[PDB]
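Worksheet: the structure to be examined is printed underneath.
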Amino acid sequence: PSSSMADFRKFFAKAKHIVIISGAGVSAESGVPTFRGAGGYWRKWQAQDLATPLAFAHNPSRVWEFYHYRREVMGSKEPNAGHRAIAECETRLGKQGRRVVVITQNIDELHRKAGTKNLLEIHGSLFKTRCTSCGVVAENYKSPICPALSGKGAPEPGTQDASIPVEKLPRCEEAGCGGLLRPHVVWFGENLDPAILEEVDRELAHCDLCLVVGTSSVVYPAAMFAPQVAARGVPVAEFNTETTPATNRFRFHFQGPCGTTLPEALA
Amino acid sequence: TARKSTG
Ligand SMILES: [Zn+2]
């Protein structure tokens with residue numbers, strides 16, 4: 001792949017429909033750990049061992065402790081230069097009749113906070129619940145989400161489980177339902193929303209430039225989106241602190257923190 | 001294809 005910023009910017013000048021795919025690396029500079037770097041451990045586990053319906057089936061208190069911790073940490077976090085460059089790019093191009101869409105694997109909502117409008121949150125949101133009984137999806141920013149979680153979620157190895165009885169975890173308040181809530185987050189082994197996937201496929205099929213930013217490109221189906229676009233002959237530029245298994249499929253690779261490279265690229 | 005996996 002080319003590291004020519006000038007060649008990328010020639011495509012960027014002409015592009016009518018840009019898809020920006022992001023992962024946890026785009027939020028690293030807001031002081032939010034990635035999943036596979038740092039930093040990624042919560043007590044003894046990584047996200048892949050907790051973000052699963054089997055963890056939730058057999059220890060919903062532990063899974064809730066993890067998501068609670070993340071919710072409370074994320075409340076104080078701010079968009080960084082990469083999130084702003086992405087939002088500002090969308091705004092500026094929109095006034096020219098040019099489309100920019102963000103397809104994010106992040107559930108942190110920082111793209112929303114940055115000012116991105118055309119946002120596809122393909123793994124859900126830290127700040128939404130879904131009821132395991134009635135299926136209702138609700139926005140939830142309550143701190144703490146339920147009283148039993150107050151002061152819980154401490155991330156240090158050696159921290160004891162809160163072991164909250166299931167009745168005292170977050171419960172559904174729709175129509176007296178009372179059902180156990182889960183995070184409205186896509187877990188390993190679970191299907192992404194088919195309606196979201198249909199929107200993604202239409203953006204990928206019609207875009208004429210693609211950036212893939214801060215993702216390890218190992219989680220599917222997301223990891224195949226930018227390669228799909230590249231394989232149509234459309235230029236794809238990867239922005240990452242390192243190379244990934246997808247790097248060689250792409251037209252461009254810009255190594256470095258995306259809070260530096262994205263403002264330059266999208267200027 | 002629609003399942004979150006690694007992949
Ligand atoms: Zn319910």
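Chain identifiers are assigned as A, B, and so on, following the order in which chains appear in the structure tokens; residues are numbered from 1 within each chain, and ligands are numbered from 1 in order of appearance.
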Taking the backbone alone, and naming residues the way the document does, which bits of segment 57-256 of chain A are strand (DSSP E) by DSSP, as a PDB file with N, CA and C atoms, in the first residue's frame?
```pdb
ATOM      1  N   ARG A  99     -21.512  13.037   0.178  1.00  0.00           N
ATOM      2  CA  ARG A  99     -21.898  12.171   1.286  1.00  0.00           C
ATOM      3  C   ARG A  99     -20.697  11.618   2.067  1.00  0.00           C
ATOM      4  N   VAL A 100     -20.763  11.680   3.394  1.00  0.00           N
ATOM      5  CA  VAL A 100     -19.781  11.017   4.244  1.00  0.00           C
ATOM      6  C   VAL A 100     -20.606  10.185   5.237  1.00  0.00           C
ATOM      7  N   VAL A 101     -20.272   8.895   5.389  1.00  0.00           N
ATOM      8  CA  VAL A 101     -20.965   8.046   6.356  1.00  0.00           C
ATOM      9  C   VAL A 101     -19.951   7.338   7.239  1.00  0.00           C
ATOM     10  N   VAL A 102     -20.251   7.263   8.538  1.00  0.00           N
ATOM     11  CA  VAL A 102     -19.380   6.565   9.472  1.00  0.00           C
ATOM     12  C   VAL A 102     -20.032   5.232   9.869  1.00  0.00           C
ATOM     13  N   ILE A 103     -19.288   4.148   9.675  1.00  0.00           N
ATOM     14  CA  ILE A 103     -19.741   2.815  10.061  1.00  0.00           C
ATOM     15  C   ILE A 103     -18.806   2.468  11.222  1.00  0.00           C
ATOM     16  N   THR A 104     -19.299   2.536  12.461  1.00  0.00           N
ATOM     17  CA  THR A 104     -18.412   2.313  13.599  1.00  0.00           C
ATOM     18  C   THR A 104     -18.681   0.991  14.329  1.00  0.00           C
ATOM     19  N   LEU A 119     -24.404   8.125  11.077  1.00  0.00           N
ATOM     20  CA  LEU A 119     -23.664   7.161  11.888  1.00  0.00           C
ATOM     21  C   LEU A 119     -24.358   5.806  11.920  1.00  0.00           C
ATOM     22  N   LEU A 120     -23.613   4.749  11.622  1.00  0.00           N
ATOM     23  CA  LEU A 120     -24.134   3.387  11.724  1.00  0.00           C
ATOM     24  C   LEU A 120     -23.367   2.719  12.849  1.00  0.00           C
ATOM     25  N   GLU A 121     -24.035   2.528  13.992  1.00  0.00           N
ATOM     26  CA  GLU A 121     -23.412   1.854  15.133  1.00  0.00           C
ATOM     27  C   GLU A 121     -23.665   0.351  15.058  1.00  0.00           C
ATOM     28  N   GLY A 124     -23.979  -1.745  18.392  1.00  0.00           N
ATOM     29  CA  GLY A 124     -24.838  -1.211  19.455  1.00  0.00           C
ATOM     30  C   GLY A 124     -24.257  -0.027  20.201  1.00  0.00           C
ATOM     31  N   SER A 125     -24.696   0.144  21.445  1.00  0.00           N
ATOM     32  CA  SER A 125     -24.314   1.317  22.239  1.00  0.00           C
ATOM     33  C   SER A 125     -24.233   1.002  23.730  1.00  0.00           C
ATOM     34  N   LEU A 126     -23.160   1.482  24.366  1.00  0.00           N
ATOM     35  CA  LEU A 126     -22.987   1.423  25.817  1.00  0.00           C
ATOM     36  C   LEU A 126     -24.155   2.022  26.557  1.00  0.00           C
ATOM     37  N   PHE A 127     -24.854   2.942  25.895  1.00  0.00           N
ATOM     38  CA  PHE A 127     -25.902   3.733  26.541  1.00  0.00           C
ATOM     39  C   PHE A 127     -27.297   3.361  26.050  1.00  0.00           C
ATOM     40  N   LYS A 128     -27.455   2.073  25.730  1.00  0.00           N
ATOM     41  CA  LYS A 128     -28.757   1.492  25.420  1.00  0.00           C
ATOM     42  C   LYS A 128     -28.888   0.148  26.113  1.00  0.00           C
ATOM     43  N   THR A 129     -30.121  -0.178  26.481  1.00  0.00           N
ATOM     44  CA  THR A 129     -30.440  -1.455  27.104  1.00  0.00           C
ATOM     45  C   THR A 129     -31.375  -2.171  26.164  1.00  0.00           C
ATOM     46  N   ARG A 130     -31.416  -3.495  26.266  1.00  0.00           N
ATOM     47  CA  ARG A 130     -32.496  -4.254  25.625  1.00  0.00           C
ATOM     48  C   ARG A 130     -33.044  -5.221  26.650  1.00  0.00           C
ATOM     49  N   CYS A 131     -34.356  -5.362  26.677  1.00  0.00           N
ATOM     50  CA  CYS A 131     -34.974  -6.313  27.583  1.00  0.00           C
ATOM     51  C   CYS A 131     -34.942  -7.748  27.021  1.00  0.00           C
ATOM     52  N   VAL A 137     -35.908  -1.762  23.231  1.00  0.00           N
ATOM     53  CA  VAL A 137     -34.614  -1.123  23.261  1.00  0.00           C
ATOM     54  C   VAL A 137     -34.849   0.295  23.778  1.00  0.00           C
ATOM     55  N   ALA A 138     -34.035   0.700  24.747  1.00  0.00           N
ATOM     56  CA  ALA A 138     -34.159   2.021  25.355  1.00  0.00           C
ATOM     57  C   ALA A 138     -32.811   2.719  25.538  1.00  0.00           C
ATOM     58  N   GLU A 139     -32.797   4.034  25.381  1.00  0.00           N
ATOM     59  CA  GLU A 139     -31.581   4.786  25.666  1.00  0.00           C
ATOM     60  C   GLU A 139     -31.452   4.900  27.175  1.00  0.00           C
ATOM     61  N   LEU A 181     -32.746  -6.699  31.922  1.00  0.00           N
ATOM     62  CA  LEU A 181     -32.102  -5.968  30.831  1.00  0.00           C
ATOM     63  C   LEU A 181     -30.688  -6.459  30.596  1.00  0.00           C
ATOM     64  N   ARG A 182     -30.273  -6.364  29.345  1.00  0.00           N
ATOM     65  CA  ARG A 182     -28.889  -6.528  28.992  1.00  0.00           C
ATOM     66  C   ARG A 182     -28.441  -5.243  28.299  1.00  0.00           C
ATOM     67  N   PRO A 183     -27.121  -5.070  28.169  1.00  0.00           N
ATOM     68  CA  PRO A 183     -26.629  -4.030  27.265  1.00  0.00           C
ATOM     69  C   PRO A 183     -27.097  -4.268  25.823  1.00  0.00           C
ATOM     70  N   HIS A 184     -27.495  -3.203  25.131  1.00  0.00           N
ATOM     71  CA  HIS A 184     -27.888  -3.330  23.734  1.00  0.00           C
ATOM     72  C   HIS A 184     -26.642  -3.251  22.884  1.00  0.00           C
ATOM     73  N   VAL A 185     -25.831  -4.293  23.035  1.00  0.00           N
ATOM     74  CA  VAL A 185     -24.506  -4.423  22.462  1.00  0.00           C
ATOM     75  C   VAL A 185     -24.424  -5.794  21.770  1.00  0.00           C
ATOM     76  N   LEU A 209     -14.782   6.232  -2.146  1.00  0.00           N
ATOM     77  CA  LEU A 209     -13.554   6.325  -1.346  1.00  0.00           C
ATOM     78  C   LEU A 209     -13.870   5.779   0.047  1.00  0.00           C
ATOM     79  N   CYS A 210     -12.894   5.143   0.692  1.00  0.00           N
ATOM     80  CA  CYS A 210     -13.149   4.473   1.974  1.00  0.00           C
ATOM     81  C   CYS A 210     -11.942   4.648   2.879  1.00  0.00           C
ATOM     82  N   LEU A 211     -12.180   4.965   4.152  1.00  0.00           N
ATOM     83  CA  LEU A 211     -11.120   5.014   5.141  1.00  0.00           C
ATOM     84  C   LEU A 211     -11.494   3.973   6.181  1.00  0.00           C
ATOM     85  N   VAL A 212     -10.482   3.277   6.692  1.00  0.00           N
ATOM     86  CA  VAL A 212     -10.650   2.277   7.741  1.00  0.00           C
ATOM     87  C   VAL A 212      -9.670   2.625   8.865  1.00  0.00           C
ATOM     88  N   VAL A 213     -10.246   3.053   9.987  1.00  0.00           N
ATOM     89  CA  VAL A 213      -9.544   3.813  11.000  1.00  0.00           C
ATOM     90  C   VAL A 213      -9.583   3.126  12.374  1.00  0.00           C
ATOM     91  N   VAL A 236      -9.047   2.525  -0.789  1.00  0.00           N
ATOM     92  CA  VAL A 236      -9.272   2.403   0.658  1.00  0.00           C
ATOM     93  C   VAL A 236      -7.982   2.822   1.337  1.00  0.00           C
ATOM     94  N   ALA A 237      -8.087   3.716   2.318  1.00  0.00           N
ATOM     95  CA  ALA A 237      -6.924   4.159   3.060  1.00  0.00           C
ATOM     96  C   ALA A 237      -7.085   3.711   4.498  1.00  0.00           C
ATOM     97  N   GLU A 238      -6.087   3.003   5.000  1.00  0.00           N
ATOM     98  CA  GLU A 238      -6.115   2.507   6.352  1.00  0.00           C
ATOM     99  C   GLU A 238      -5.311   3.446   7.235  1.00  0.00           C
ATOM    100  N   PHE A 239      -5.905   3.837   8.365  1.00  0.00           N
ATOM    101  CA  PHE A 239      -5.269   4.702   9.366  1.00  0.00           C
ATOM    102  C   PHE A 239      -5.162   3.942  10.674  1.00  0.00           C
ATOM    103  N   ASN A 240      -3.933   3.650  11.089  1.00  0.00           N
ATOM    104  CA  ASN A 240      -3.697   2.775  12.225  1.00  0.00           C
ATOM    105  C   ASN A 240      -2.271   2.988  12.705  1.00  0.00           C
ATOM    106  N   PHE A 252      -3.977   2.492   0.376  1.00  0.00           N
ATOM    107  CA  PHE A 252      -3.133   3.351   1.213  1.00  0.00           C
ATOM    108  C   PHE A 252      -3.033   2.848   2.639  1.00  0.00           C
ATOM    109  N   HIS A 253      -1.861   3.027   3.251  1.00  0.00           N
ATOM    110  CA  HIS A 253      -1.699   2.793   4.697  1.00  0.00           C
ATOM    111  C   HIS A 253      -0.950   3.950   5.310  1.00  0.00           C
ATOM    112  N   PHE A 254      -1.594   4.628   6.260  1.00  0.00           N
ATOM    113  CA  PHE A 254      -1.009   5.789   6.914  1.00  0.00           C
ATOM    114  C   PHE A 254      -0.749   5.446   8.368  1.00  0.00           C
ATOM    115  N   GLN A 255       0.512   5.182   8.692  1.00  0.00           N
ATOM    116  CA  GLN A 255       0.859   4.708  10.015  1.00  0.00           C
ATOM    117  C   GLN A 255       0.968   5.891  10.968  1.00  0.00           C
TER     118      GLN A 255
END
```
Cut-off 9 Å, only C-alpha atoms and all ligand atoms, neighbours of ligand 1 as a VMD selection string: chain A and resid 130 to 137 171 to 181
Write the selection just made, keeping C-alpha atoms, as a short mmCIF file (atom, residue, chain, number, x, y, z; two decimals), in the first residue's frame?
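Produced file again09.cif, reproduced below:
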```cif
data_model
loop_
_atom_site.label_atom_id
_atom_site.label_comp_id
_atom_site.auth_asym_id
_atom_site.auth_seq_id
_atom_site.Cartn_x
_atom_site.Cartn_y
_atom_site.Cartn_z
CA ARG A 130 -32.50 -4.25 25.63
CA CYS A 131 -34.97 -6.31 27.58
CA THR A 132 -34.31 -10.08 27.45
CA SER A 133 -38.04 -10.69 28.00
CA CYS A 134 -39.99 -8.17 25.82
CA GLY A 135 -37.19 -6.99 23.48
CA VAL A 136 -37.68 -3.23 23.97
CA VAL A 137 -34.61 -1.12 23.26
CA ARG A 171 -34.89 -4.42 35.13
CA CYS A 172 -37.31 -3.44 32.37
CA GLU A 173 -39.67 -0.57 33.27
CA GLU A 174 -41.83 -0.88 30.13
CA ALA A 175 -45.49 -1.83 30.75
CA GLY A 176 -44.67 -3.37 34.13
CA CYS A 177 -42.53 -5.92 32.21
CA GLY A 178 -39.92 -6.46 34.92
CA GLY A 179 -37.63 -8.47 32.61
CA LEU A 180 -33.87 -8.57 32.98
CA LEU A 181 -32.10 -5.97 30.83
#
```
Residues near residue 5 of chain B, cut-off 8 Å, only C-alpha atoms, skip fewer than 2 positions along chain, as number ranges by chain: A: 188-189, 219-221; B: 3, 7
Can I get the selected residues back with C-alpha atoms, as a short mmCIF file (atom, residue, chain, number, x, y, z; two decimals), in the first residue's frame?
```cif
data_model
loop_
_atom_site.label_atom_id
_atom_site.label_comp_id
_atom_site.auth_asym_id
_atom_site.auth_seq_id
_atom_site.Cartn_x
_atom_site.Cartn_y
_atom_site.Cartn_z
CA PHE A 188 -19.69 -12.73 20.08
CA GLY A 189 -21.82 -15.40 18.46
CA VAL A 219 -13.57 -9.10 14.16
CA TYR A 220 -16.10 -10.19 11.54
CA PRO A 221 -18.19 -9.26 9.64
CA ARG B 3 -22.50 -13.32 13.37
CA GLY B 7 -12.22 -14.51 12.83
#
```
Check: which chain A residues lie within 9 Å of chain B using only C-alpha atoms, as number ranges by chain: A: 123, 186-194, 197, 218-223
Dump C-alpha atoms for the selected residues as a PDB file, in the first residue's frame?
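Ended up saving to part_27.pdb:
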```pdb
ATOM      1  CA  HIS A 123     -22.234  -3.203  17.503  1.00  0.00           C
ATOM      2  CA  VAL A 186     -23.706  -7.100  19.843  1.00  0.00           C
ATOM      3  CA  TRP A 187     -21.814  -9.965  21.445  1.00  0.00           C
ATOM      4  CA  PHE A 188     -19.691 -12.727  20.083  1.00  0.00           C
ATOM      5  CA  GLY A 189     -21.817 -15.400  18.464  1.00  0.00           C
ATOM      6  CA  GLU A 190     -24.681 -12.963  17.970  1.00  0.00           C
ATOM      7  CA  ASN A 191     -26.066 -11.488  14.743  1.00  0.00           C
ATOM      8  CA  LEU A 192     -25.596  -7.843  13.837  1.00  0.00           C
ATOM      9  CA  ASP A 193     -28.901  -6.145  13.073  1.00  0.00           C
ATOM     10  CA  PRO A 194     -30.053  -7.184   9.603  1.00  0.00           C
ATOM     11  CA  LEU A 197     -26.375  -4.644   7.637  1.00  0.00           C
ATOM     12  CA  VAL A 218      -9.906  -9.302  13.124  1.00  0.00           C
ATOM     13  CA  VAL A 219     -13.572  -9.098  14.165  1.00  0.00           C
ATOM     14  CA  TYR A 220     -16.101 -10.193  11.537  1.00  0.00           C
ATOM     15  CA  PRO A 221     -18.190  -9.257   9.642  1.00  0.00           C
ATOM     16  CA  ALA A 222     -16.787  -5.702  10.162  1.00  0.00           C
ATOM     17  CA  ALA A 223     -13.265  -6.759   9.211  1.00  0.00           C
TER      18      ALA A 223
END
```
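The space separating atom CA of residue 10 of chain A from atom CA of residue 93 of chain A comes to 15.1 Å.
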Interatomic distance, atom CA of residue 47 of chain A to atom CA of residue 166 of chain A (Å, one decimal): 21.3 Å
Residue list (helix (DSSP H, G or I), DSSP) for segment 142-226 of chain A, as a ChimeraX atom specification: /A:147-149,166-168,194-206,222-226
Would you mind exporting C-alpha atoms of the selected residues as a compact mmCIF listing (two decimals), in the first residue's frame?
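The file below, selection.txt, is the result:
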```txt
# COMPACT_ATOMS: atom_id res chain seq x y z
CA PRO A 147 -28.84 0.94 42.66
CA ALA A 148 -27.06 -2.46 43.15
CA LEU A 149 -24.32 -1.30 40.73
CA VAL A 166 -30.44 -11.20 39.18
CA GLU A 167 -33.60 -9.45 40.56
CA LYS A 168 -31.42 -6.46 41.51
CA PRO A 194 -30.05 -7.18 9.60
CA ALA A 195 -31.50 -3.69 8.93
CA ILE A 196 -28.14 -2.09 9.88
CA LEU A 197 -26.37 -4.64 7.64
CA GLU A 198 -28.61 -3.72 4.68
CA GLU A 199 -27.69 -0.02 5.16
CA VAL A 200 -23.99 -0.93 5.43
CA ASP A 201 -24.12 -2.97 2.22
CA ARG A 202 -25.69 -0.08 0.32
CA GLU A 203 -22.98 2.36 1.55
CA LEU A 204 -20.14 -0.05 0.69
CA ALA A 205 -21.60 -0.81 -2.78
CA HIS A 206 -21.89 2.84 -3.81
CA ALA A 222 -16.79 -5.70 10.16
CA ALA A 223 -13.26 -6.76 9.21
CA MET A 224 -14.42 -7.59 5.67
CA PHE A 225 -16.15 -4.25 4.90
CA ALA A 226 -13.10 -2.24 3.82
```
Interatomic distance, atom CA of residue 113 of chain A to atom CA of residue 87 of chain A (Å, one decimal): 9.4 Å
Nearest candidate to residue 29 of chain A (options A:258, A:74, A:207, A:234; using only C-alpha atoms):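 For residue 29 of chain A, the nearest of the given residues is A:258.
Counting only C-alpha atoms, the residue from A:257, A:60, A:89, A:142 that sits nearest to residue 165 of chain A is A:60.
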Residue neighbourhood residue 30 of chain A, 8 Å, only C-alpha atoms, exclusion window fewer than 6 positions, as a PyMOL selection string: chain A and resi 77-80
Nearest to residue 2 of chain A, chosen from A:250, A:66, A:35, A:56, with only C-alpha atoms counted in the distances: A:250
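Across A:232, A:249, A:36, A:43, the tightest approach to residue 69 of chain A is made by A:43 when counting only C-alpha atoms.
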